[PDB]
Structure formats: structure tokens, C-alpha cells
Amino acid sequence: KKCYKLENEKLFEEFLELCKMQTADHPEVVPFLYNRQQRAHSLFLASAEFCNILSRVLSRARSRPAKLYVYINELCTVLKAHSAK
């Protein structure tokens, strides 16, 4: 039933809405995140592993957003490690 491709896009898009709201004083942060996502292997972006990662990150972002940049860093790090280049 689960389509990880669409689920990951949903989870990532939900996370970015939080980021947009809470990083408005540093406008370069959000495009950087999109850039990291843009450059990752699309199969990784559609993977169950990425889904699991996004679930944890978004969960932490929702319950404890005082460490948002921590979470942002995790996500950027993971995405860099799966860069298509």
C-alpha cells in the first residue's frame, strides 16, 4: 500500500514548512535544504530508509523544535552522504 516516494515527499514538505517558519531570519537555510534534497539519489529519496529517517526527524521537530538546526543538520548530512555526485 505504502508508496515511499510520495510518503517521503510529504514528510520532507512538512519538515520544510516548519523550517520556513522558524528560520526566516536566515533566508539561505531553506534553499540549502532543497539543494541537498535536489542533489540526492532519487532512489534513496524514495527509500524505506529515508522514510524512517524523516519520520524521526519530523517527530523530533514537532515535539522539540528548540533543536531544529540540529535536525536540519542531520538531514543535510544524510542527504550529502547520498549525493548523486
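Just count from 1 along the sequence shown to find any residue number.
Colleague: Between 23 to 31 and 48 to 56, which has the higher average C-alpha B-factor in the PDB entry?
Modeller: Mean B over CA atoms: larger for 23 to 31.
Colleague: Which is higher on mean Cα B factor in this entry, 76 to 84 or 1 to 9?
Modeller: Stretch with the higher mean C-alpha B-factor: 1 to 9.
Colleague: Based on the entry's values, in what third of the chain does the Cα temperature factor of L16 lie: lowest, middle or highest?
Modeller: Its C-alpha B-factor, which the entry lists for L16, ranks in the lowest third among residues of this chain.
Colleague: By the record's CA B-factor, is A66 among the lowest, middle or highest third of residues in the chain?
Modeller: Top third by C-alpha B-factor.
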